[PDB]
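Notes for the one structure printed next.
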Amino acid sequence: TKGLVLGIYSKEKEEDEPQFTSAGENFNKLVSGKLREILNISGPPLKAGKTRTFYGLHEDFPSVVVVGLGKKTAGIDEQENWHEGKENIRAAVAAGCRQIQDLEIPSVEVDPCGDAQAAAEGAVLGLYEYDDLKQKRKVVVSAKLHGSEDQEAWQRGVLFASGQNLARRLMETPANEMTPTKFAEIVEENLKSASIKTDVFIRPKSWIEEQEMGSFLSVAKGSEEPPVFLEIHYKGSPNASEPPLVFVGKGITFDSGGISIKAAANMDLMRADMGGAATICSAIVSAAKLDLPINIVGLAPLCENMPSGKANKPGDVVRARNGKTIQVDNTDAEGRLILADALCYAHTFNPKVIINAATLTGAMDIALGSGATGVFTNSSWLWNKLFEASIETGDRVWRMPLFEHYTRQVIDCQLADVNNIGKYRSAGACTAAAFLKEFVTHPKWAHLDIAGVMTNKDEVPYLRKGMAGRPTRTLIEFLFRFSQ
Amino acid sequence: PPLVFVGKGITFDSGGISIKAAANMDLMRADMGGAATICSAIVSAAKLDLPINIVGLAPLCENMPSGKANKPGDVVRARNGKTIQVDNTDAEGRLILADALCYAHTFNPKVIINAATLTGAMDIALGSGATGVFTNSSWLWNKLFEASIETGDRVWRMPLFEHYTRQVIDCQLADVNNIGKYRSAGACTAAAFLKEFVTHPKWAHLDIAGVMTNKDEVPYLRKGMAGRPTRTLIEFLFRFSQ
Amino acid sequence: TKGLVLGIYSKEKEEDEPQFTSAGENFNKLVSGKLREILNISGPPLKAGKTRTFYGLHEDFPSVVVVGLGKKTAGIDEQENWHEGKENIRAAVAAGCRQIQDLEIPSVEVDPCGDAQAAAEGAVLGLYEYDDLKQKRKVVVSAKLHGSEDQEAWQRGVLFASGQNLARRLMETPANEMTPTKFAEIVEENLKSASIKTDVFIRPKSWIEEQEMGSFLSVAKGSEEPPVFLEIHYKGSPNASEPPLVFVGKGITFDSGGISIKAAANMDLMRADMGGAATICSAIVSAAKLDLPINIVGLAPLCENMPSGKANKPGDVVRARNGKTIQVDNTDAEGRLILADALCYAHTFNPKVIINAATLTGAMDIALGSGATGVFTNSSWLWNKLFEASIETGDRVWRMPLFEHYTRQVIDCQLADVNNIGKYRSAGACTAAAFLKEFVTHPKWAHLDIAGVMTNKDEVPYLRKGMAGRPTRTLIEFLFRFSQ
Ligand SMILES: [Zn+2]
Ligand SMILES: [Zn+2]
Ligand SMILES: [Zn+2]
Ligand SMILES: [Zn+2]
Ligand SMILES: [Zn+2]
Ligand SMILES: [Zn+2]
Ligand SMILES: [Zn+2]
Ligand SMILES: [Zn+2]
């Protein structure tokens, strides 16, 4: 019927016993001390992220899962660059919800754990699973707030987590279903449901040609799947003329590498090479849901990178919208090609800031793995804003260098203005970033290389194995704070 | 109390049983760059007669394959009593550093700074643009960063997160594994391995693998071994002494 | 304090509710129906291998773990070639014991589940972990039979499982600790504790040289670690002159591949290249513990395979004890070299049967993986005996071919009588077997290639991740039945 998730903290030195949250304390009282009694009988105390289940304590809650929240006053961890208490809550609540789901319980009430937004994030991110294409599926669990005192915060958590889950769905869906057109249609419907103060333009190939986006076009042509340039507007500012914030995302729905073909092992994960587009578009959907008082534009060039008799050939020179020529030495360095055109187009909006996201390089994965998203930016103010937002969400960012040292290695080009792969194999994420900078003149630009945080195995406790949708929540938080 | 510097001194690294590829293996004669830079920095500090006490520690040896060599899977005991599963014999720098870092604590130092041409991952990460610095002290990061602005021999901070530690203490036979669970973030997991042998509050690990050589990146250095970031270390010491 | 593991079966069509075992039924009665009541409250029924924990049902058992046993009458599964009921019990009991251990309970009583030997095997194999070299260790759990009616069978299970766990320990231990000498000393002490009717001879290099075992010696020389030829005798037959059964095991304590050096990835697992020696020696220790009325001889050539200035060089020709010359084309095909000499020596005992085991080829792993041990034999009677024993133990065997087709590919040799690697890359396990057959004239010989069952991830539910010690129990069962 109905399950209940309650939290308990680690015992502090002067306490005689570990303390329940307010809800746990109230429930124990409701059952005349039976919860504390049974917890004591069960043995060792619950530590952070651990769970234990007690049956039959109340007729309304046949299964009660108690979860360890760790130290009650855990705040910002100076060494980890995140709010520890929030992370403990997300992990603990996710673990509790997965136990409720294993017991095949369709609905669960969740203890706010002193921070309803974090509790909601743990439950909603934790229960998520992409199973539309399977016969065998786990029970669908409906999680709601236990109590009625922390509603806005709980709902805020549901909203943030839902945005990330939308990104996860888009990334996880196989490329034959999640084509450029399909991705555009799903984003279009989600944005329109979020707010009527939106406009969506799924720009066709003819428009792309009119816009002289030769770099983007060169990538798309190898495949039979039609390319599209998704342009979305959210008019949240009270002043329609207020300069917008522009987000740009790499939308390669499937990357085979092209003529510079990839190895077979785990190439299926490349269905998520559109993660950059997924995260920035989902962030905008969420911003619209929150009705943030700001104008935002989202740009996402979308296409496949396939080998064929029409595909990009190593050595080919293409002309970007801005007139710059690019020597395509490696057709698998295609994300930067489509981004060159989208970044150029972004300047036409005279934006306040330009932020792009892309599952750009394997080098980024070798550099930081799934620990944090690499951020390249020409603005310390912007770096700081993204960094502060990440401490709150727990979806960490780490700064990477934008030095001429790297630029020199990409403009040293045999046939053109810029080469699409560096002179050497070193610092691949840095030279890719340098390539992108040659198409940016804006003073507040940030490039997020999310290749290393594309998937999750078990690193983030509250995300099941699969595409991660990171760092969608950090982007939403940045926008929220920016709007305030 | 002295400042303690520690340097990886592998005079030649063939990789051992987990043998390296032949191409450009000659550059491994510089796998003692960590020892070279910290020892040279101390020589210079002495020349300048800086008013500070400094201790330099440099474990030195070769890593070669033979009938007596480390075998993948072997478990060894560090000076501190911790056991280490040697899954890859080419991840040897962290093995010799574990013992030197333990010994460093005996001096009750003010700070502990180690340097090592530790991982190819660092090279893939930042190349020769800057030395990667892993530190549990923002004060120390800042001091090294400011010194680097002056010398031009740049440093860039890399993360010391439990996220990476988890991947090296998840070990089949011992307390810590000498290579991570996955291939991602090699410089970060190597740093995490080193941290398991450090309890000091002001420690910095400099992975100089990417700045080991110079082609033409630094205009004033001819092609060859670079000796970076020796000047940044000297500057740090000078300012520290003042 | 004390935990309890109880089993419950899957409900049969005409039953109103799933049936507990006799012990589960008795415990429920003891607590006035409280176990059934709480199990019903907890939800969906327990299926095979699943577990659920109930707290505070009895003062003597604060934690009771109920485990799903599947269908009560599950017997031999025609398609899987094993006794299904026994497999269900081993898996269920192991899962239950791991839950008790997670709760940090030091002692547990285990329901015999209608088959005490299988229950004991699940508990003892299930709880095993090699942690001698770690600071952090799980609680040591002492498992005993619940009740006093099935003692001999429970103890038989403990004995079989202990034999396998000894093999696992020997295989898991790092090679710098588990050297040829150390392995010999550990086996020596275990055999002597098992019975006084034993003799152990840790033969030194001088003896090996006297025995003209040039093939074995050629492998050992590349390393600084002294080689030994372990010879063990168990005189269990009433007639001292009764011909013995001879077991032979490949004891490469560490295999780097030698000059034909292995790749670095996962080379640490080669510390278990002595699995052949581990399994046959452990089987003999167990046979001695059981005091089987038969004479058995165990032979295990032990050494390392390392690269150095003295190592085997590709193309070198060596002379086996039997006078045959061998062209060592690949130094990593060393197991067959040391086995050639041990198999020759085995004939001197005028044995009834000769069975050898070896983690011999990667081809075997590509062929059957961890599903079953590959068995090559010139005797269908022997194949059948091993096959029947495996149905009982669940540690499956599968027959592989001994055809001249494969022999032709190894005697087609440029410099010698036989080549240590075949003409082609196909059928690697089959040509390796053919190589071994050139050193056997006995009419009842079986070669077990255990390379594919060297480790366990999660395939065998009752074995934690690590070296498996398979198929030790099948060997013990074969010996038991043979003795009867
Ligand atoms: Zn997708
Ligand atoms: Zn690509
Ligand atoms: Zn791509
Ligand atoms: Zn090395
Ligand atoms: Zn090295
Ligand atoms: Zn071993
Ligand atoms: Zn071999
Ligand atoms: Zn071998």
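Just so it is clear: chains get the letters A, B, ... in the order the sequence lines come, proteins before strands, and each one is counted from 1.
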Short side-chain to backbone donor-acceptor contact, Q79(A) and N136(B), under 3.5 Å: yes
Pick from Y406(A), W398(A), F403(A) with the largest number of heavy-atom pairs that fall under 4.5 Å of chain B: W398(A)
Other residues, nucleotides, ligands: >12 heavy atoms within 6.0 Å of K195(B) NZ: yes
More than 12 heavy atoms of other groups within 6.0 Å of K457(A) NZ: yes
Pick from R425(A), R396(A), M364(A) with the largest number of heavy-atom pairs that fall under 4.5 Å of chain B: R396(A)
Residue pair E80(A) / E162(B): nearest heavy atoms and the distance that separates them: OE2-N, 2.9 Å
Neighbour count >12 (heavy atoms, 6.0 Å) for atom CG, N24(B): no
Those residues of residues 81-95 of chain A, ordered by number, that approach chain B below 4.5 Å (heavy atom to heavy atom): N81(A)
Heavy-atom pair with the smallest gap, counting every atom of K181(B) and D458(A): NZ-OD2, 4.4 Å
Contacts of residues 366-373 of chain A with chain B (heavy atom under 4.5 Å): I366(A), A367(A), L368(A), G369(A), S370(A), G371(A), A372(A)
Among the listed options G186(B), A121(B), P159(B), the residue most often paired with chain A at heavy-atom distances under 4.5 Å: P159(B)
Atom group of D207(B) that falls short of 4.5 Å from chain A, counting heavy atoms: neither
Interface moiety of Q167(B) toward chain A, non-hydrogen atoms closer than 4.5 Å: side chain
Greater than 12 external heavy atoms within 6.0 Å of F145(B)'s CZ: no
Chain A contact via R157(B) - side chain, backbone, both or neither, heavy atoms under 4.5 Å: both
Side chain, backbone, both or neither of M158(B) within contact of chain A (heavy atoms, under 4.5 Å): both
More than 12 heavy atoms from other groups under 6.0 Å of OH on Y103(B): no
